[PDB]
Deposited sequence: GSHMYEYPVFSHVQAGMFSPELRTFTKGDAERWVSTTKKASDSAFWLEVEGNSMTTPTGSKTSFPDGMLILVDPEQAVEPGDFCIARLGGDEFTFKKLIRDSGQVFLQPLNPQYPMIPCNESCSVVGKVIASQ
């Protein structure tokens, strides 16, 4: 068999009170994390730096999530969604009564619609 290793990209809190909102930092990556998971060449890792995805499946501050911008995302999958055109968020894509929403694993965070100022950047396919 064969193993893979993808770049880990940096990102920081967008707004001042928007821990869920994140923005990619400037600069190349200096960290490459391996995995058994094979993905597209645009695949990369992100470091969970908050607790909005921390449940009572869970992604605590310090966990790495592998993002693949080349795989189709559907309700039930976790993904990185882009909002406002610049910032992005890590949520679970779901269907609440037929409506498409981004859901945080931590109930202390609000759910967001994904319609106009919302597009899907990639599927989460693995974690460390």
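*Asks:* Which residue ranges of the deposited sequence are not present in the modelled coordinates?
*Replies:* Since the structure holds only modelled residues, the stretches it omits are 1, 58 to 61.
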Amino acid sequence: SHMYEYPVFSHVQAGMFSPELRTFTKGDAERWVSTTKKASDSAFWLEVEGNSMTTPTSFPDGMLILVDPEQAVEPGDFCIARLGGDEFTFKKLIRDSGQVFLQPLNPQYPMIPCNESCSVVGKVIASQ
From here on, numbers count along this sequence of modelled residues.
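*Asks:* Looking at the entry, does 59 to 67 or 34 to 42 show the higher mean C-alpha B-factor?
*Replies:* Higher of the two, by average CA B-factor, is 59 to 67.
*Asks:* Using the B-factors recorded in the PDB entry, average over the C-alpha atoms of 20 to 28 and of 115 to 123, then report which stretch comes out higher.
*Replies:* Looking at the record's C-alpha B-factors, the answer is 20 to 28.
*Asks:* Split into thirds by Cα B-factor across the chain's modelled residues, where does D77 land: lowest, middle or highest?
*Replies:* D77: CA B-factor falls in the lowest third of its chain.
*Asks:* Going by the entry, which third of its chain does the Cα temperature factor of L83 land in?
*Replies:* It belongs to the highest third of the chain when residues are ordered by C-alpha B-factor.
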